[PDB]
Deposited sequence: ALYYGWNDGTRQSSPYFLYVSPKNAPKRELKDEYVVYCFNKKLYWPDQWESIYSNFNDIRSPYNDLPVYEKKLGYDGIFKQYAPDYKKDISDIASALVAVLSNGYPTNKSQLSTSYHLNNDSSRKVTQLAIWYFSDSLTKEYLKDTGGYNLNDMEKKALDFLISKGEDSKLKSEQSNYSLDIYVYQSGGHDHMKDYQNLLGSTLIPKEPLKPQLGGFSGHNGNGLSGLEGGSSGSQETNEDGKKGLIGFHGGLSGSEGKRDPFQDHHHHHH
C-alpha cells in the first residue's frame, strides 16, 4: 500500500503538520486517521500540499511530485531500524511509542485540551516533540529550552506527561517508509510514524 506524504502548509516553522493520502486515490483529507508524524528529526520534511489545490489533479507540475511511502505495520525491530538514533536505554521502543500516541494527538485530544489546556495545534506539536524524545534521543532541554520551539508552560507540562507515559510503559502503530519522489529534495525524506492505534 503506497501513500503520498505531505505537510498541510499551515506551519511556518518546525514541526510541520503532516498527513498521508493513499497513492491510489489521493485526496487532501485532514481527518484524524491521516495525521502522521515525522519519525526522523534529521531528515527532510514532506513537501507541502497547498490548500488552494483541493483536488490532487489540480496541483501543477512539479509540485505534484510528493514523496511516496510504503505503509507497514510497526513493531519494535522495524521502529529501531528506521530510527537508528532511538533512545538507547529504552528496551521496547514500540510500547513507548504506542504509549505516547495513545496519550497524545489525535487519539487523546480531548483530555489534552481539557486537562492540559491545549488547542489541537499545541497537542499535535507536543506529540511530535515527545515522539522525537524516543525516535531521536532528543533531550528535554533541547525540546523545552534550547531548540527554538517556544513552548508555553502548558505545553511543557503536556510534553512531560507524554514523555512520562512513554517511559513508564495489543495495539501497534503504522510506519511509513520513505520510498521515492518529493520535488523539494528528491531523496532522504523522513520516515513517518502513524498516529492511529492499530489493533492486532
Residues of the deposited chain that carry no C-alpha coordinates are 170 to 176, 208 to 271
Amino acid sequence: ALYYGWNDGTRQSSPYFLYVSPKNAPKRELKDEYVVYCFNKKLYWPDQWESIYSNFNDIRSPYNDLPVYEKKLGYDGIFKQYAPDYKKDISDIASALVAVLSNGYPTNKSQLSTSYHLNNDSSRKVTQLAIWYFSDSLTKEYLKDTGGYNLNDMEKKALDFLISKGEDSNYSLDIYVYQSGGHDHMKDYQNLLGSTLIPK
From here on, numbers count along this sequence of modelled residues.
Comparing mean C-alpha B factor in the record for 28 to 36 and 155 to 163, the higher one is 28 to 36
Entry B factor averaged over C-alpha atoms, 75 to 83 against 101 to 109: higher for 75 to 83
Of the residues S135, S51, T139, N150, the one whose Cα carries the largest B-factor in the deposited record is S51
The third of the chain into which the C-alpha temperature factor of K125 falls is the lowest
Entry-reported C-alpha B-factor of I131 relative to its chain, by third, is lowest
So, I59's CA B-factor, relative to its chain, sits in which third? The highest
Quick tally, chain-level thirds of C-alpha B-factors: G194 sits in the middle
Sorting the chain's modelled residues by C-alpha B-factor and splitting them into thirds places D47 in the lowest
